[PDB]
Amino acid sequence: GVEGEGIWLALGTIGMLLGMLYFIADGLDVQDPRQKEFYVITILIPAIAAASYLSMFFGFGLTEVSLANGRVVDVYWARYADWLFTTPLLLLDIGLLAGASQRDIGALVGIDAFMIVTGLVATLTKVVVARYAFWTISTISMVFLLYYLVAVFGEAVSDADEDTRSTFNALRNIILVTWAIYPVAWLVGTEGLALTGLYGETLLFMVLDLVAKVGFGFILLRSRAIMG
């Protein structure tokens, strides 16, 4: 790619298509409207992400920023477009599985979308302390997201049968653990401190996205907690 990162973009692409395939194929033996609902939402997730990843491997959704630093940073802004559509969808999925109110769910995507958007400005500002600034409020907003996820969606599902509560716990644990890594991957890649470059950052976002989208969806879709 630009700095060897093209392999991750490609594996990421195919990893998403493969998970999407499995979900589709597993969609065939579905017989319940509530079940089909999680299926559409869940197939949608890596669909979109695969699109994003594919456009980046072609060389679309890739721009350059000149920082006041005098450093020039290579930004795959398509990630953010992807995340803007997909991360609310992940919130929808688990919120619906949790029995959370529509208001509860909206509350969360609201903060989520704020998160992705402040991440986008932190990625694009030429003023370098403003990159750290907007990264920080972006991480403050993520911490609140993750607080409200376990508190609010966890209280909502606390009266479900074991299957639903534990499928929920597993999902919320995939989110707690993988999402929390995103800002650290950002901080250490070219976008933040530039410890590792583009190569290391892409790979991490590639591993994290796959766990976050395919691993997530596989666990949810392989659960009867999404029937009714």
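When you see a residue number, it is the position in the sequence shown, counting from 1. Take the two forms, superpose them, and find the largest set of C-alpha atoms that agree within 1.5 Å; that set is the rigid core.
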Open item on the list: Core-aligned, RMS over all structures and residues: is 213-221 or 21-29 the stretch with the greater C-alpha displacement in 4 other deposited structures of this protein?
Closed with: 21-29
Open item on the list: Between 30-38 and 175-183, which one shows the bigger average Cα displacement from this form in 4 other deposited structures of this protein once the rigid core is aligned?
Closed with: 30-38
- [ ] Between 97-105 and 79-87, point out the one with the higher average CA B-factor as the PDB entry records it.
- [x] 97-105
Task: Mean C-alpha temperature factor, higher of 13-21 and 216-224 - done: 216-224
- [ ] By the entry's C-alpha temperature factors, tell me which of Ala50, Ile181, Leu171, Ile43 sits highest.
- [x] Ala50
TODO: Among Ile175, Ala185, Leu203, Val30, single out the one with the highest C-alpha B factor in the record, please.
DONE: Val30
TODO: Sort the modelled residues of this chain by their C-alpha B factor and say whether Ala151 lands in the lowest, middle or highest third.
DONE: middle
Open item on the list: Sorting by Cα B-factor within the chain, modelled residues only, which third would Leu124 end up in: lowest, middle or highest?
Closed with: middle
Open item on the list: What third of the chain does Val72 rank in for C-alpha temperature factor, lowest, middle or highest?
Closed with: highest
Task: Chain-wide C-alpha B factor ranking for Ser55, given as lowest, middle or highest third - done: highest
Open item on the list: Which third, lowest, middle or highest, does the C-alpha temperature factor of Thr167 belong to within its own chain?
Closed with: lowest
